[PDB]
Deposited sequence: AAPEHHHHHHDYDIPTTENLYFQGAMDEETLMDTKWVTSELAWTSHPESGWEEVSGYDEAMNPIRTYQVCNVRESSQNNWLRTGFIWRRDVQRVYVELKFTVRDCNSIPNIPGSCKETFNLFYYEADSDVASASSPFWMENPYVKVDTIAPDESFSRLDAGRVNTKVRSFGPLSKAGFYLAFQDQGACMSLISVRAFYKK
C-alpha cells in the first residue's frame, strides 16, 4: 500500500519549476512510455564547460510521513555517441531535498538558502541511448521533521530528460 504526495504526470498545464540558471534545465511538452502527454524537463549543455544546472520543484507537504520515496523516470544520452564531445560530458545527475516549515522559496529569491539542499543520491542510468530504454529508479530520504519539502536536481554536463517524478510514501 502506497500514497502519492506529488506526481508530475498529474500536471496538464505546466510544472513551472525553478531552473537556476534558466539556460540549464528546460520544461518541455513530452510523452511517457505509453505516449501519455506529460510535462518533462530536459538539459543538454554537453559542449559547454562549467555546467552546474539546478532545478527545484514546488513545495510538497509531507503530512506525517517519516520517509519519502521518489520514483524517477529518465533517459540519458551516451556521451560517446555524441560527435566530437569534450571529455567533461557526464551521464549522471544528483537528486536532493530541502525541508521547510512553509513555502519559503521563491523563483525571484536567490536559489541558495540558509540550509543546504541535502543529497539523496547520485543517480546513474542502467541504459543510455547510444539505443536503451526509459530508466526507472526509486530512492528515499528522511527522517523528515518539517511540514514539507522541495526536491531538486543537479546536472553538471549530462544530456538527459527527466520524464517524470513521483514522491510517495509506503503505508
Seminar exercise, completed: Taking the deposited sequence from residue 1, the uncovered stretches are 1-26, 157-159
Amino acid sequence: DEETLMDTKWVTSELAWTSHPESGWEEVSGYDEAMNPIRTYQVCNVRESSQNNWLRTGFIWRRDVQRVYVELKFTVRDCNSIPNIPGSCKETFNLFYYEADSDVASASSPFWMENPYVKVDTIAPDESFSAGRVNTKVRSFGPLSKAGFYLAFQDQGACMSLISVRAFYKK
From here on, numbers count along this sequence of modelled residues.
Exercise. On average, are the C-alpha B-factors higher in 51-59 or in 140-148?
Worked result: 140-148
For this session: Would you mind comparing 160-168 and 4-12 for me and telling me which has the higher average C-alpha temperature factor in the entry?
Result: 4-12
Exercise. If you check the C-alpha B-factor for each of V28, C44, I123, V104 in the entry, which is highest?
Worked result: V104
Problem set entry | C-alpha B-factor winner, where the candidates are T40, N36, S108, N135 | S108
For this session: Classify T92 as lowest, middle or highest third according to the C-alpha B-factor given in the PDB entry, relative to its own chain.
Result: middle
